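This report concerns only the one structure given below.
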Amino acid sequence: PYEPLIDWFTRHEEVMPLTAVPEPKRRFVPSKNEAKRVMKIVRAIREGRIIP
Amino acid sequence: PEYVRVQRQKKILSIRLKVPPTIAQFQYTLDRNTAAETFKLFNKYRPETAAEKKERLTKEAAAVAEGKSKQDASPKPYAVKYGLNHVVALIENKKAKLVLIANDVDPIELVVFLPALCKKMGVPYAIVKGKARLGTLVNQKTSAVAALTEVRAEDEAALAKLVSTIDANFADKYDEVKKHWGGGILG
Amino acid sequence: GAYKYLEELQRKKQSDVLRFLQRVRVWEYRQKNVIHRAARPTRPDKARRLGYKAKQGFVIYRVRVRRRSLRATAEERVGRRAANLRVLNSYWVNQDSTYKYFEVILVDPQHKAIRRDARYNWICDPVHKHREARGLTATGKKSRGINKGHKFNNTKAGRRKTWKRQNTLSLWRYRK
Amino acid sequence: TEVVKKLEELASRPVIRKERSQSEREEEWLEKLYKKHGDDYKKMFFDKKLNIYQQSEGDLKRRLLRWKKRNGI
Amino acid sequence: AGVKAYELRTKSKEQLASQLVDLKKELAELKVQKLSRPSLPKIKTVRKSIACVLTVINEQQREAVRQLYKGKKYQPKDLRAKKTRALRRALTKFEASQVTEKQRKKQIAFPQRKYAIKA
Amino acid sequence: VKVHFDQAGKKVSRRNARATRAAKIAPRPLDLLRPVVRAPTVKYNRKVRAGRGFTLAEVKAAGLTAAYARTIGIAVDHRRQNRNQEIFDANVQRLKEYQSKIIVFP
RNA sequence: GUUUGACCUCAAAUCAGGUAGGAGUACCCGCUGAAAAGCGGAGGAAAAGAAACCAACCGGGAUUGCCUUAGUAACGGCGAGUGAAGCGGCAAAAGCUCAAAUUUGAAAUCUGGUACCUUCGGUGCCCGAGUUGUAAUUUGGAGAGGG
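Protein chains in written order, with this note's numbering: chain F, 373 to 424; chain X, 148 to 334; chain V, -4 to 171; chain W, 5 to 77; chain Y, 49 to 167; chain L, -5 to 100.
Structural data, given as structure tokens:
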């Protein structure tokens, strides 16, 4: 037959995350890979392959 | 045609049969004005396009090319978050202040844990109607998920009242009928 | 990530939601052809652990077979149909009393993403022509039964091989 | 032994190596830090402006010592 | 008493086509002469001349097509290399020399060294 | 039925391989540096033997990494386990002697 | 708003670019199979191949092949006879890649078109593909974050 769903496990709420994963450095500082792409464009403009 | 015949015969065979209650939580979704204000919120937090990204990159790169190293200062980018594994990743920290969930995904099973997962994690989820409308606010075709974490101080008070609005409109209205087996009525 | 959710939910097949989706989708696929192209993997996590990537050069076919094995024959059908494609792998999705359904990942060695990107360029080699025809796939190696273990002995084709060991005689220049 | 000695000299021969230098922007950045804070590291570690990547305490020392050996004693 | 190849390289295409018309008329005359003749050596020369004229004309046309298709990243298939089955296929050098970035970093970090034992 | 008529020939070809490979590998030996390893199986447990590769921990005890040691021509087996003391020590002395006799070009 | 638009699906293209077939087939790999034939699929080899292994030892260490194990173990109207494998010695030796937790301070990824260029390609620009996940990093022998 059919019957409504039991929510035994949802009703207890986790006050904490699952994983104790340490926070990375790059989440706090300006993005590095952005800056590498910036310096790529800088090298292309120094070679004049990209016009300002 | 065949495909018109099947796409009309689809959603008949669904509603004719008993749907499990972990489905039909979908289409018990957000009403008109609240979804409207949610979109007004998230269009304030559109992510940067590839063109706008590359444009700012060319600006700062021409700056360094002159050099003319102007300063080293930028607060953070704030935007919506839209990668599905990234959306789940922002939960289980928790970081998701609001989550929008599209009702229509063809592999529904990608999505079905997310209401219960934000339920147990206490994240204010809301089921939105249409992943195309998610993709529009995130410069994709579809997105099917929409997480939002970081908000400016100008918008933070609007955020909290939107959360209270959703928890009044969604968590109070549809919670018991979420448990019930939907559909089953023939066509 | 969300793939662990999909896998653990996938292990509970006769649970109500999965049999609901299964029962809808078997009728829905019954509307369509024996063989057709699926837009996306219905079980993406299973496709990932079989090696799917979401880029150009990855084609997903959905194939219907009547109840060799059924899975290997399902691979042979789409191998015969899309000859330009190379069959990566395949997996079960759904079944009926009349038919089982399989979802097969094929890879094109003609697309430049596949011809570059050295994780997958090995499949452009002409020794990888029709791996399902020689049973070089995963289900092919299982039905050939090729592993390490004393449980694995001389079986069928290898049996003829060791029959070959009994059939041929080896002689040296100086007789031993 | 003889050709062994010749190859032993060749492997014993130091190659003409180049010192790994510094890039102009980041040594200029170090030069800004050298005039802003001086030499002390706990102040420049908790500096927001011109330490936005929040460099490690001693990476700062390593780069400054390399910069000083390169230029400015 | 025959044509030369290099003499035809200098000529314009209308000169070559008119030369062709001349040789075909000469052939048509030599057939009428040869139906009386048991052995006429001149027709064997002039058919080789017609062949060389066609060679130079086709060569100039093909090289003109190559020059107009020079810049493009494509070619008509007949103008491409012939080599064989599957040397058309399955790899270029660039598509074979291509390696992942991780193994690139590994070979940079630890290349295969040169050493000599017993020293 | 098969007769090894090529037994004389293949050896020649094999030494051609042992010539030709050696041509490419001109200073280096053809073979890697293999461990000296005592055999199983009580019929053979007094016998010592050439082994496949040493281990990670032994190469660390030699004072280098296995990723670098493969570039030096030292065969390394991860799935072996060092359980005897004298085997370990003798193979460490072997590694040290191999380190003493090599000269490496930059 | 009876309008307009996102998608999604499905069609159509004398649209662009590619690719499949057939022959041969000594060797290889699958399928079928009598008293071998046949079928299908490749290559210069193919297959197999880096242990859910073998062992019981003072343990060994991807696969492959040779000698030995050995006409032994085992099987068999235990009749006809069938018929291995561990170890050892040798040849050859080589190891690697994914899939699981976020780059979220910026999809960082790629096909294609075009313009040039030093063209088995490169650069630029633009369409697209892609978050229902393309890159970097990590495959337990750990590894990652930091310091």
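Backbone N, C-alpha and C fix where the C-beta goes; we use that ideal spot for every residue, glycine too.
From the options, residue whose alpha carbon lies closest to that of residue i
i	options	result
residue 329/X	279/X, 252/X, 166/X and 178/X	166/X
residue 334/X	155/X, 190/X and 248/X	155/X
residue 73/W	15/W, 23/W, 7/W and 45/W	23/W
residue 302/X	168/X, 174/X, 190/X and 158/X	190/X
residue 388/F	216/X, 265/X, 223/X and 222/X	265/X
residue 117/V	103/V, 127/V and 129/V	103/V
residue 61/L	161/Y, 115/Y and 144/Y	161/Y
residue 51/L	83/L, -4/L, 7/L and 43/L	83/L
residue 150/Y	167/V, 112/V and 101/V	112/V
residue 131/V	147/V, 88/V and 70/V	70/V
residue 226/X	244/X, 218/X and 239/X	244/X
residue 115/V	152/Y, 167/Y, 163/Y and 146/Y	146/Y
residue -4/V	321/X, 247/X and 258/X	258/X
residue 87/V	171/V, 170/V and 8/V	8/V
Integer Cβ distance of residue i from residue j, believed to fall under 8 angstroms
i	j	result
residue 67/L	residue 26/L	5 angstroms
residue 393/F	residue 211/X	35 angstroms between Cβ atoms; not a contact.
residue 108/V	residue 52/V	5 angstroms
residue 177/X	residue 273/X	5 angstroms
residue 309/X	residue 185/X	7 angstroms
residue 48/L	residue 29/L	5 angstroms
residue 101/Y	residue 75/Y	Incorrect: roughly 11 angstroms between the Cβ atoms, too far for contact.
residue 37/V	residue 254/X	6 angstroms
residue 97/V	residue 66/V	6 angstroms
Pairwise C-alpha distance: residue j and residue i
i	j	result
residue 277/X	residue 292/X	10 angstroms
residue 123/V	residue 2/V	30 angstroms
residue 175/V	residue 85/V	The structure shown does not extend to residue 175/V, since chain V spans only -4 to 171, so no value can be given for it.
residue 139/Y	residue 126/Y	21 angstroms
residue 28/W	residue 214/X	11 angstroms
residue -2/L	residue 11/L	19 angstroms
residue 60/W	residue 86/L	39 angstroms
residue 128/V	residue 22/V	30 angstroms
residue 103/Y	residue 106/V	39 angstroms
residue 120/X	residue 195/X	Within the shown structure, residues of chain X are numbered from 148 to 334, placing residue 120/X beyond reach of any answer.
residue 59/L	residue 77/L	20 angstroms
residue 106/Y	residue 19/W	59 angstroms
residue 64/W	residue 72/L	39 angstroms
residue 311/X	residue 406/F	37 angstroms
residue 26/V	residue 13/V	20 angstroms
residue 41/W	residue 284/X	45 angstroms
residue 67/W	residue 52/W	18 angstroms
residue 40/L	residue 81/L	12 angstroms
residue 319/X	residue 234/X	24 angstroms
residue 180/X	residue 44/W	58 angstroms
residue 300/X	residue 306/X	10 angstroms
residue 25/W	residue 76/W	15 angstroms
Closer than 7 angstroms: residue i CB and nearest the ligand ADP heavy atom
i	result
residue 34/L	By its list of ligands, the structure shown contains no ligand whatsoever, and the ligand ADP lies outside what it can speak to.
Which complete alpha helix (DSSP H) runs does the segment 58 to 86 of chain Y hold, if anything under 4 residues is left out? With a minimum length of 4 residues, the continuous alpha helix (DSSP H) runs that stay inside the segment 58 to 86 of chain Y are 61 to 82.
Along the segment 36 to 58 of chain L, what residues have a CB closer than 9 angstroms to any CB found in chain Y? Here the close residues number zero.
Going along the chain, which residues of the segment 19 to 39 of chain V sit with their C-beta nearer than 9 angstroms to a C-beta in chain X? Answer in chain order: 19, 22, 23, 26, 27, 34, 35, 36, 37, 38 and 39.
Which residues of the segment 292 to 326 of chain X have a Cβ closer than 7 angstroms to any Cβ of chain F? Give them in chain order. Residues passing the 7 angstroms Cβ filter: 326.
Note down, in chain order, all residues in the segment 155 to 175 of chain X with a beta-carbon under 9 angstroms from any beta-carbon belonging to chain V. The segment 155 to 175 of chain X vs chain V, Cβ under 9 angstroms: 156, 157, 160, 161, 164, 165, 166, 167, 168, 169 and 170.
May I ask you to list, following chain order, the residues of the segment 70 to 97 of chain L that have a beta carbon less than 8 angstroms from some beta carbon of chain Y? Of all residues in the segment 70 to 97 of chain L, only 92, 95, 96 and 97 come within less than 8 angstroms of chain Y when Cβ atoms are compared, listed by chain position.
Report the start-end ranges of each alpha helix (DSSP H) in the segment 190 to 231 of chain X that is 4 residues or longer and not cut off at the edges. Correct list: 197 to 213.
Can you pull out the residues from the segment 234 to 248 of chain X whose beta carbon lies closer than 8 angstroms to at least one beta carbon of chain F? Cβ contacts with chain F come from 239, 240 and 241.
Complete runs of the beta strand (DSSP E) confined to the segment 249 to 329 of chain X [at least 3 residues]: Within the segment 249 to 329 of chain X, the complete beta strand (DSSP E) runs of at least 3 residues fall at 272 to 275 and 292 to 295.
Scan the segment 4 to 23 of chain L for residues whose Cβ lies nearer than 7 angstroms to a Cβ of chain V and list them as they occur along the chain. Residues of the segment 4 to 23 of chain L with a C-beta atom less than 7 angstroms from some C-beta of chain V do not occur.
With 7 angstroms as the C-beta to C-beta threshold (strictly closer), list the residues of the segment 143 to 167 of chain Y near chain W in chain order. Residues of the segment 143 to 167 of chain Y with a C-beta atom less than 7 angstroms from some C-beta of chain W are 164 and 167, listed in chain order.
Counting only runs of 4+ residues fully inside the segment 136 to 169 of chain V, write out the alpha helix (DSSP H) ranges in chain order. Inside the segment 136 to 169 of chain V, DSSP marks whole alpha helix (DSSP H) runs of 4 or more residues at positions 151 to 162, from first to last along the chain.
Along the segment 5 to 25 of chain W, where does the CB come closer than 7 angstroms to a CB of chain L? Name the residues. From the segment 5 to 25 of chain W, only 11, 12, 14, 15 and 19 have a Cβ closer than 7 angstroms to chain L.
Only counting runs of 3 or more residues, tell me where the beta strand (DSSP E) segments fall wholly within the segment 20 to 68 of chain V, in order along the chain. Within the segment 20 to 68 of chain V, the complete beta strand (DSSP E) runs of at least 3 residues are 30 to 33 and 53 to 61.
Along the segment 398 to 412 of chain F, where does the CB come closer than 7 angstroms to a CB of chain X? Name the residues. Sequence-ordered contacts of the segment 398 to 412 of chain F with chain X read 402, 409 and 410 [C-beta pairs closer than 7 angstroms].
Those runs of the beta strand (DSSP E) which lie wholly inside the segment 25 to 80 of chain L and span at least 3 residues: As far as the segment 25 to 80 of chain L is concerned, its whole beta strand (DSSP E) runs of at least 3 residues are 30 to 32 and 42 to 44.
Output, in sequence order along the chain, the residues in the segment 84 to 105 of chain V whose CB is closer than 9 angstroms to any CB in chain X. The residues in question: there are none.
Runs of 4 residues minimum, wholly inside the segment 100 to 141 of chain V: which ones carry the alpha helix (DSSP H) assignment? DSSP assignment within the segment 100 to 141 of chain V yields the following whole alpha helix (DSSP H) runs of 4 residues or more, N-terminal first: 107 to 110 and 133 to 139.
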